[PDB]
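Coordinates in review
One-letter residues, chain by chain:
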Amino acid sequence: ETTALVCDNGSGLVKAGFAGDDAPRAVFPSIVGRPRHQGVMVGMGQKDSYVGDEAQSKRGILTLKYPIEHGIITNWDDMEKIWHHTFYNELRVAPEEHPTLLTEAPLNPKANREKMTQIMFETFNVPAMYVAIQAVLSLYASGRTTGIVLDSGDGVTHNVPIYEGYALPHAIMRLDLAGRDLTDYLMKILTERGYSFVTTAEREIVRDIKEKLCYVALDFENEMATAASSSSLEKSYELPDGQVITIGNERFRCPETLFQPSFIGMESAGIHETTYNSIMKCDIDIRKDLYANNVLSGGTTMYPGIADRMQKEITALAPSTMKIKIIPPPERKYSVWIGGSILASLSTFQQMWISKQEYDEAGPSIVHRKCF
Amino acid sequence: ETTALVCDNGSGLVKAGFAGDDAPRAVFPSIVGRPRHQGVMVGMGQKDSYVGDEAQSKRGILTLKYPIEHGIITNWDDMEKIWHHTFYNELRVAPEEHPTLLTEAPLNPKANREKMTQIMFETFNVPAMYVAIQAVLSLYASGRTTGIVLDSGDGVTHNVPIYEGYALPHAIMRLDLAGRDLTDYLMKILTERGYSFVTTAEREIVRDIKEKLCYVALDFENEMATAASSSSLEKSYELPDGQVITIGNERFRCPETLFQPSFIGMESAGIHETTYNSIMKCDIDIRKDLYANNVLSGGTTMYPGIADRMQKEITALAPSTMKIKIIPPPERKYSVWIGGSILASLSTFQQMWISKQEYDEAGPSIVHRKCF
Amino acid sequence: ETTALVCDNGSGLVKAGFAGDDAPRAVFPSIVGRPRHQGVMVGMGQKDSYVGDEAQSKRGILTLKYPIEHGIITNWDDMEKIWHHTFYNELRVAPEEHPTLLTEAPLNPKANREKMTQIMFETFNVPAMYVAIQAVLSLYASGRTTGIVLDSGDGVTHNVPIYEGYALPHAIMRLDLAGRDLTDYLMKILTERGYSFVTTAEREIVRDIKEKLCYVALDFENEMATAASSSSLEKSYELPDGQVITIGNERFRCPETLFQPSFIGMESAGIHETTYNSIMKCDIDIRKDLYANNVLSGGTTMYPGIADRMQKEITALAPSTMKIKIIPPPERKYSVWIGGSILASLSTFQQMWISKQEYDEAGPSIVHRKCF
Ligand SMILES: Nc1ncnc2c1ncn2[C@@H]1O[C@H](COP(=O)(O)OP(=O)(O)O)[C@@H](O)[C@H]1O
Ligand SMILES: Nc1ncnc2c1ncn2[C@@H]1O[C@H](COP(=O)(O)OP(=O)(O)O)[C@@H](O)[C@H]1O
Ligand SMILES: Nc1ncnc2c1ncn2[C@@H]1O[C@H](COP(=O)(O)OP(=O)(O)O)[C@@H](O)[C@H]1O
Ligand SMILES: [Mg+2]
Ligand SMILES: [Mg+2]
Ligand SMILES: [Mg+2]
């Protein structure tokens, strides 16, 4: 009868739907807005706070505030609000009937899972739930059983090396360089040309510019030398009001930070080094099989030409007597949700849900003992 | 109708097959491994422990453990498991019909044979069984009937002098220096160059390096002096992950342990002295015939140039007026199994099986009174 | 006239001083720091690299990097720099006059000692030098002459059984678990509570937390059970900027990796097992004395209550009819240097130095022929 409810709870977007499908049904930004002006107009259905896609449409008035920051939820009051919205106004189902499946980034605060389970068992009264790691669901979706995954969302970037089904918990690195940092860096470096973006609403415009105009350069120095005699690199974008801007070497300087994290003045290894370091933390016999299965998930890994530079850069580190392959699917943006649907549809998994009667016995602490 | 089922269940490898052939059918390592990680997957065909050549392919996960140590069985529970594997998954033959011939090392604990007979007669319900010594079977395979044999496997090294059909049980020396100590010594002296191997998985890599890169030097001092100006001795080996290691005078230092057991910190005489002492313990009238028949069996004796040094070394001890010949058959690695096949094929031997109804009357104590 | 210079150059700190004393004069962390920022300020005496305590004072800017890792020296250029620092800027003596006494861990790559000899005989032009083992020097300072020493520093942990003046080279175990691994594990498990430390500058902060706030539990299960109803276990530590942090059952979980190394997911026996296995590798006639003389040295062995658990754990392994004693001195942190001073002060030891004229004839290879 009832099957599941699979909702990937990212930092940027709330991707959600039913189990067993090939694509999520609801995809909206995870923001909640609150008005900040006089509001002298009468009627017109003025609500206290606009959440989801409606907030993005009217951003010129409200002050957007993301409830999820760096993967850790910090505004639980708004979080239950956005969950209520996605369950009622977007799917139009009763959450009390269908079990739900959730996702969380690894090495996360321990209280976060407890409070998530408590909220989903008290306010919504679901029958069952389960918390999964995104990096294993991506490899679920990819269809293989062994490999190393480089997830890269909006707030957190991490690796999980997994052999033929056996995870290695001591090789799970996690760096806090993600999409929001790139957006901030682009906003900062656009000032050199003359354009200044400050308001929370203009952060969305800068994010859109990054989404629709940025690419990863295969060779940074040669690209800079070419941009010195700037002929065919500059592009044009149209602001909502009508002004046209031109960005040149900012096109490939912004996404490079993933490879040279010193551009934001933080001493860390780029995404091409954390993968290699996480591979080198496993015992020697499996590095050959890990090298040949590199899976890219997450939205931030969707820049053009990222895979080519990842190959060209990792090949410089690994020994020369072996091959390296990266496996970017064209539909990686919903890889976590696809994997969650695949896991929820399985028959063997039906015994791993957390029953309500089980939770009443042991309290919210059951999540650590049962889920992982 | 039925002929036999002989399996040279040594310490290192389990060599098994049918009588009357010229080579065994199943040759696999005698290791049983158990995983050590949580296994976040689902399904994928889990066994609690992988036995035989399957475990050797997944050593990146498990903690391999040899059930047989120094010839003496220590972990019967896995011993019956690997015997079950041998009978079913590799030979595909019903043990309830074919009689089996087992082998053991001399000067072994009394309880070992008793437990072996009890397990074979209760768990597998064989009709007949018999336990023989490796050193006589290797001579049997060699085809002669008078000579002294130096067996050297993975856990035990021993000598058994045989005159014309008559053994000499009062002159059977046995030193516990074997291949495993050589592997550990190579692991220890490889740290001098810089490479450190610790886990059970890397012991296999070190063992393979020993197998395909070590040799026995005729004159140790001259070889060291040559290695002082190291030009044409060093070789290269490629590790599973890609790194290449170079080992120089570590090549001939490892297998010299058999000749100077003081390298591994034990007060004992080498294999070039135990054979001589065993020969000198027999009466004077057979030493001339024993000196001319030296049969080398077992895997450990497969180093290049071992026979030549053995000859040059025993010649120095024996009187100068008589000759020495060390017969090193080419296939000696399977000599014990060949001899077991020859012994089980013969018609005369068919009266010395231990019938099940005979075992019922007297219990498992029949093995000592009947086998030897 | 001239007496000696004992410079115990361990992995974590460089403890140095003169012979004949009861405590070293120089104790500073063994790091070298390099700036990474704009440096727009003029003057102020900005140096290229800060070495020693000065770097530890300005960690907010520099990128600290240890030149010695796991006892093996990897950055010789920085190592000679810190040697020049300790010789000139702290002791204020001319190295060309006084002889120096160095120390190193056993089972180290051969090239380390040779390069140490070359550096000390070419760059500084010392008259004579000698290299010792920490484990024997700690027993030397302890005052006895028969016992088993468990040295456990910052990079290496090794055991050396000693009978009445005769060392047993075939029973020197060595596991690579030390204080740095504990610091990394504490950094990783602090993220469960919510505190994230990534910067190399914050590793020092975590190390200070570990030094001043953690202890070894006698019974792990009972301590966890009491921590379930956490009342009197949490303690408060103040960060340099002003925030306070509170850790509960994290106080005793970090030092429990010494005894259960499976927490870092590496396959080795705990320090209570390597000592016992090293005892069991010796001949049967010295174990009774080895049991009753257990000497602990090194900084890592200074956790409160380590001796009680070590005794309770070794008693459970040894035969029940013979007694176990552990001898932790109150000042065991400097025991290696105290032993070095004692050894260099003696008159009989005067004939074992490596003379410069002797080194010229034979080159840097003399260390292996003379020292050990
Ligand atoms: N075409 C694109 N180019 C660059 N970045 C993109 C693009 N599309 C999405 N992104 C980035 O991906 C992120 C959204 O991914 P998301 O679905 O939130 O994954 P997760 O839910 O795991 O965080 C956004 O932060 C955005 O910056
Ligand atoms: N080519 C080789 N070079 C050196 N040693 C070898 C070689 N082949 C096998 N060995 C050694 O021989 C041993 C295998 O002998 P094995 O068949 O187990 O004798 P048994 O069955 O009597 O124990 C292994 O432990 C290995 O160390
Ligand atoms: N009070 C303490 N509690 C716990 N650990 C300590 C304490 N004091 C020092 N240590 C540890 O001791 C180590 C320093 O020992 P060290 O003098 O470097 O030995 P060695 O010089 O032989 O390496 C450091 O890694 C530190 O973690
Ligand atoms: Mg995602
Ligand atoms: Mg053999
Ligand atoms: Mg120390």
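Residues numbered from 1 in each chain as written, not as in the entry; some residues may be left out. Chains lettered and ligands numbered in written order. Heavy atoms only, no water.

Regarding how it was determined, this PDB entry cites cryo-EM in its header, along with a resolution of 3.6 Å.

Turning to chain A, the UniProt record has this under Function: "Actins are highly conserved proteins that are involved in various types of cell motility and are ubiquitously expressed in all eukaryotic cells." Per UniProt, chain A has the following entry under Subunit: "Polymerization of globular actin (G-actin) leads to a structural filament (F-actin) in the form of a two-stranded helix. Each actin can bind to 4 others." (UniProt positions renumbered as here; feature names shortened; annotations may be inferred.)

Across its full length, chain A carries 14 helices and 16 strands. Taking 372 residues into account, the globule formula puts the C-alpha radius of gyration at 21 Å, and chain A, at 22 Å, falls close to it. When its C-alpha atoms are laid out on the principal axes, chain A stretches across 70 × 70 × 35 Å. Looking at chain A as a whole, 52% of its 372 residues are labelled buried. (Helix = DSSP H or I, 4+ residues; strand = E, 2+ residues; numbered from the N terminus. Rg over C-alpha atoms; globule rule 2.2 N^0.38 Å. Buried < 20%, exposed > 50% of the residue type's maximum accessible area, 1.4 Å probe, protein only.)

Right, let's talk about the environment of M266(B) for a bit. All names here are of chain B. Along the chain, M266 turns up in the loop between helix 7 (250-253) and helix 8 (271-280). Here the alpha-carbon distance between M266 and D8, two residues 258 residues apart in the chain, equals 29 Å. Apart from the residues lying within four places of it in its own chain, the contact partners of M266 are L177 and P261. (Contact = heavy atoms within 4.5 Å.)

Moving on, we come to the environment of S49(A). All names here are of chain A. As for its position among the elements, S49 is in the loop between strand 4 (32-33) and strand 5 (50-51). Here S49 falls in the buried class, since its relative accessible area comes to 10%. C-alpha separation for the pair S49 and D78, spaced 29 residues apart in sequence, amounts to 9.8 Å. Dropping the residues within four chain positions of it, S49 is found in contact with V32, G33, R34 and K81. Of the polar contacts made by the side chain of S49, one reaches the side chain of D48; its length is 3.4 Å. (Polar contact = N/O pair within 3.5 Å; in protein donor to acceptor, adjacent residues only side chain to side chain.)

Another aspect to go through is the site of ligand 3. Residues and elements named next belong to chain C. Ligand 3 sits among 13 residues. The nearest are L13, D154, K210, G299 and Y303. Within the contact set of ligand 3, an oxygen atom lies 2.8 Å away from a side-chain nitrogen or oxygen of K210. Protein contacts shield 87% of the accessible area of ligand 3, which totals 580 Å² for the unbound molecule. At the level of elements, strand 2 (13-18) and helix 6 (200-213) are the ones that each hand at least two residues to the shell around ligand 3. Per-domain counts for the shell around ligand 3 show at least three residues from each of domain 1 (5-38 + 49-134 + 335-370) and domain 2 (140-176 + 269-332). (Near = heavy atom within 4 Å. Areas by Shrake-Rupley, 256 points an atom, 1.4 Å probe, with all protein chains shown as cover. Domains from an automatic or database assignment.)

It is worth spelling out the relation of the copies chain B and chain C at this point. Turning chain B through 167 degrees and shifting it by 28 Å along the axis lays it on chain C, with an RMSD of 0.3 Å. When the interface residues of chain B are mapped onto chain C, a mere 12% of them again lie at the interface, so each copy presents a different face. (Least-squares fit on C-alpha atoms.)

The partner chain C presents seven residues to the eight residues of chain B that form the contact. Of the roughly 630 Å² buried between chain B and chain C on both sides combined, carbon and sulfur atoms contribute 54%. On the surface where chain B and chain C come into contact, there are two salt bridges. Measuring nitrogen to oxygen at the nearest pair gives 2.4 Å for the salt bridge that ties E267(C) to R36(B). (Buried area = accessible area lost by both parts, 1.4 Å probe. Salt bridge = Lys/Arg side-chain N within 4 Å of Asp/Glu carboxyl O.)

Time to look at the packing of helix 8 of chain B against helix 10 (residues 306-317) of chain B. For any two helices packed against each other, one specifies the inter-axial angle together with the distance between the axes. All names here are of chain B. For the pair helix 8 and helix 10, the least separation of the axes is 10 Å and the interaxial angle reads 50 degrees. When the interaxial angle is binned, helix 8 and helix 10 end up oblique. Helix-helix and strand crossings are classified by hand; for helix 8 and helix 10 the assignment is right-handed. Taking contact as the criterion, the partners of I271, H272, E273, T275 and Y276 in helix 8 are, on helix 10, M310, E313, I314 and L317. Counted by class, the contact of helix 8 with helix 10 contains five nonpolar, two polar and two charged residues. (Axes fitted to C-alpha atoms, helices over the stretch in contact; angles between N-to-C directions. Parallel < 35°, antiparallel > 145°, perpendicular 65-115°, else oblique. Left-handed = near helix turned anticlockwise from the far one by under 90°. Nonpolar A, V, L, I, M, F, W, Y, C, P; charged D, E, K, R; others polar.)

Residues and elements named next belong to chain A. Among the 15 residues in the neighbourhood of ligand 1, the closest are listed as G10, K15, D154, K210 and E211. Contacts to ligand 1 include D154, whose backbone N or O atom sits 3.1 Å from an oxygen atom. Contacts to ligand 1 include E211, whose side-chain N or O atom sits 2.9 Å from a nitrogen atom. Notes on ligand 1: free accessible area 580 Å², of which the protein chains cover 91%. Of all the elements in the fold, those that place two or more residues in the shell around ligand 1 are strand 2 (13-18) and helix 6 (200-213). In terms of residue class, the shell around ligand 1 is made up of two nonpolar, seven polar and six charged.

This paragraph deals with helix 5 (residues 179-189) of chain A. Every buried residue belonging to helix 5 of chain A is among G179(A), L182(A), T183(A), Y185(A), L186(A), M187(A) and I189(A), and all of these are buried. Tucked inside the fold, the buried residues of helix 5 of chain A contact helix 6 and helix 8 (250-256) of chain A.

A few words now on the domain arrangement of chain A. Residues and elements named next belong to chain A. As far as domains go, chain A holds domain 1 (5-134 + 336-370), domain 2 (140-176 + 269-332) and domain 3 (179-256). Here the C-alpha centroids of domain 2 and domain 3 sit 27 Å apart. With 10 residues of domain 2 at the contact, the number on the domain 3 side is 14 residues. At the boundary of domain 2 with domain 3, total buried surface from both sides reaches about 880 Å², with 52% on carbon and sulfur atoms. Considering only the surface of domain 2 that becomes buried against domain 3, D154, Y303 and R309 emerge as the three largest contributors, covering 59% of it. Linking domain 2 to domain 3 there are one salt bridge. Between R180 and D154 there is a salt bridge whose closest N-O contact spans 4.0 Å.

Turning to a nonpolar patch on the surface, a few remarks are in order. Residue and element names in this part refer to chain B. Taken together, the side chains of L13, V27 and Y334 present a nonpolar region at the surface, about 210 Å² in accessible area. Relative to the assigned elements, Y334 resides in the loop between strand 16 (326-327) and helix 11 (335-345). For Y334, a relative accessible area of 31% corresponds to the partly exposed category. (Patch = residues over 30% accessible without salt bridge, like charges linked within 9 Å, V, L, I, M, F, W, Y side chains within 5 Å.)

Moving on, we get to the sheet that holds strand 15 (residues 294-296) of chain A. Picture the strands of a sheet paired through backbone hydrogen bonds; they go either parallel or antiparallel. With mixed pairing, the five strands of this open sheet are ordered in space as 12-11-10-15-16 (chain A). Taken across any chain shown, the strands that pair with only one partner, and hence form the sheet edges, are strand 12 (174-175) and strand 16 (326-327) of chain A. (Pairing = 2+ DSSP bridges.)

Centre distance and the angle of the planes are the two values used to describe a pair of aromatic rings. Enumeration according to the criterion identifies 26 aromatic pairs over all chains in this entry. Grouping aromatic residues by their ring pairs yields a cluster made of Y185(A), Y215(A), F220(A), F252(A) and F263(A). Between the NZ or CZ atom of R309(B) and the centre of the ring of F259(B), over which it lies, the distance is 4.7 Å. Sitting over the ring of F121(C), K356(C) keeps its end group 5.9 Å from the ring centre. (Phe/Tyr/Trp six-rings, centres within 6.5 Å; stacked < 30°, edge-to-face > 60°. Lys NZ or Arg CZ within 6 Å of the ring centre and 35° of its normal.)

The next point concerns the interface of chain B and chain A. Counting residues at the interface gives 24 residues for chain B, matched by 24 residues for chain A. For the chain B face of the interface with chain A, the top three residues by lost area are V40(B), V42(B) and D241(B), together amounting to 28%. For the interface between chain B and chain A, the tally reads four salt bridges. Linking chain B to chain A there are four residue pairs in polar contact. Counting residues per element, the side of chain B that touches chain A draws most heavily on helix 5 (residues 200-213) of chain B, which supplies three residues. A breakdown of the residues in the side of chain B that touches chain A according to their chemical character gives 11 nonpolar, seven polar and six charged.

If you look at soluble globular proteins, the nonpolar side chains tend to sit buried side by side. Residues and elements named next belong to chain A. Formed by 55 residues in total, the largest nonpolar core has its most connected members in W83 and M120. No fewer than three residues from each of domain 1 (5-134 + 336-370) and domain 2 (140-176 + 269-332) sit in this core. Not counting chain neighbours up to four residues away, the residues in contact with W83 comprise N9, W76, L102, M116, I119, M120 and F124. (Core = buried A, V, L, I, M, F, W, Y, C linked by side-chain atoms within 4.5 Å.)

All right, on to the pairing of strand 14 (residues 244-247) of chain B then. Each regular strand shows side chains that alternate between the opposite faces of the sheet. Alternating positions in strand 14 of chain B separate cleanly, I245(B) and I247(B) being buried on one face and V244(B) and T246(B) remaining unburied on the opposite face. Counted between consecutive antiparallel strands, the loop separating strand 13 (residues 235-238) of chain B from strand 14 of chain B contains five residues, among which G242(B) sits at a positive phi close to 130 degrees.

Tracing the backbone through its elements, the reader meets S152(C) in strand 10 (residues 147-152). Setting aside residues up to four positions removed in sequence, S152(C) forms contacts with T157(C), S297(C), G298(C), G299(C), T300(C) and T301(C).

We now examine the pattern of salt bridges. According to the stated counting rule, one finds 49 salt bridges over all chains in the structure shown. Between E250(A) and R193(A) there is a salt bridge; the shortest N-O distance is 3.3 Å. One end of the pair, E250(A), is in helix 8; the other, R193(A), is in the loop between helix 5 and helix 6, with 57 residues separating them in the sequence. Ionic pairing is found between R34(B) and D78(B), a salt bridge with its closest N-O pair at 3.1 Å. Here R34(B) is found in the loop between strand 4 (32-33) and strand 5 (50-51), whereas its partner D78(B) is found in helix 1 (residues 76-90), with 44 residues between them in sequence. Classification of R34(B) as partly exposed rests on a relative accessible area of 34%. Look at the salt bridges and you will find they share partners, linking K110(A), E192(C), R193(C), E250(C) and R253(C) into a network.

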